[PDB]
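The structure under discussion appears below in the form of structure tokens.
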Amino acid sequence: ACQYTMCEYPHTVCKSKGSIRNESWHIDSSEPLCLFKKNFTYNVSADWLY
Amino acid sequence: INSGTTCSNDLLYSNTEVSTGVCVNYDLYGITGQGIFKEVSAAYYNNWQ
Ligand SMILES: *[C@@H]1O[C@H](CO)[C@@H](O[C@@H]2O[C@H](CO)[C@@H](O)[C@H](O)[C@H]2NC(C)=O)[C@H](O)[C@H]1NC(C)=O
Ligand SMILES: *[C@@H]1O[C@H](CO)[C@@H](O)[C@H](O)[C@H]1NC(C)=O
Ligand SMILES: *[C@@H]1O[C@H](CO)[C@@H](O)[C@H](O)[C@H]1NC(C)=O
Ligand SMILES: *[C@@H]1O[C@H](CO)[C@@H](O)[C@H](O)[C@H]1NC(C)=O
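Just so you know, the protein sequences line up as chains B and A, in that order.
Mapping the first sequence onto the entry's author numbering, position 26 (from 1) lands on 175, and the numbers just tick up by one.
Mapping the second sequence onto the entry's author numbering, position 22 (from 1) lands on 618, and the numbers just tick up by one.
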């Protein structure tokens, strides 16, 4: 939860067999003023999440 | 200064001095009160409670 710079065309690219394009949803390479940062986990074999 | 998340101490000791048996003061996890602890073994809490 920070102050990024979103794009007019922001998009994600998967890591298993990624697409043709590059993942570029933001370009903010200057470690912006963050209010929050956390890391969580879940089940890798689950089908539904909430 | 006054920007970010790297803060300072600003607070109390957080001492592991659970003094059961006597009437005490507490500010547990944000909730304040006075009580008497009486230690028991229980198994209903989950790891975010
Ligand atoms: C939370 O997990 C992510 C995922 O691993 C961490 O992001 C990685 O950070 C390292 C160090 O810069 C990079 O080499 C990896 O490429 C990152 N992974 C991804 C998927 O981008 C992140 O550092 C973790 N944060 C905490 C606080 O544990
Ligand atoms: C994707 O990123 C790589 C690494 O910077 C770059 O060489 C490549 O040209 C990019 N893809 C396109 C279509 O520009
Ligand atoms: C949750 O993960 C465990 C081990 O990672 C696995 O045995 C179990 O099948 C998973 N459950 C679901 C619903 O995916
Ligand atoms: C009263 O004092 C005795 C010994 O000082 C102690 O064992 C007992 O728990 C006390 N009662 C209360 C309610 O604190």
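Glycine included, each C-beta is placed from N, C-alpha and C at the ideal position.
Of the residues the options, the one placed nearest residue i, counting alpha carbons only
i, options, result
"residue 618(A)", "641(A), 631(A), 612(A), 604(A)", "631(A)"
"residue 636(A)", "599(A), 629(A), 616(A), 598(A)", "616(A)"
"residue 174(B)", "155(B), 189(B), 186(B)", "155(B)"
"residue 153(B)", "170(B), 188(B), 198(B), 176(B)", "176(B)"
"residue 634(A)", "602(A), 620(A), 643(A)", "620(A)"
Under 7 angstroms from the C-beta of residue i: neighbouring residues of chain B
i, result
"residue 602(A)", "Near residue 602(A) there are no residues of chain B at all, since even the closest Cβ is about 10 angstroms away, more than 7 angstroms."
"residue 599(A)", "182"
Cβ-heavy atom distance, residue i to ligand 3, below 8 angstroms
i, result
"residue 195(B)", "yes"
"residue 192(B)", "yes"
heavy atom of ligand 1 below 8 angstroms from residue i C-beta
i, result
"residue 188(B)", "yes"
Any non-hydrogen atom of ligand 4 closer than 8 angstroms to residue i Cβ
i, result
"residue 617(A)", "yes"
(request) Mind checking the region 183-198 of chain B against chain A and listing, in chain order, the residues whose C-beta falls within less than 9 angstroms of any C-beta there? (result) Within the region 183-198 of chain B, the qualifying residues are 183, 184, 185, 186.
(message) Under 8 angstroms, with one C-beta from each stretch per pair, do the region 165-184 of chain B and the region 608-624 of chain A reach the 3-pair mark?
(response) no
(message) Contact between the region 160-168 of chain B and the region 184-199 of chain B is defined here as three or more beta-carbon pairs at a separation below 8 angstroms; is this criterion met?
(response) The region 160-168 of chain B vs the region 184-199 of chain B: no contact.
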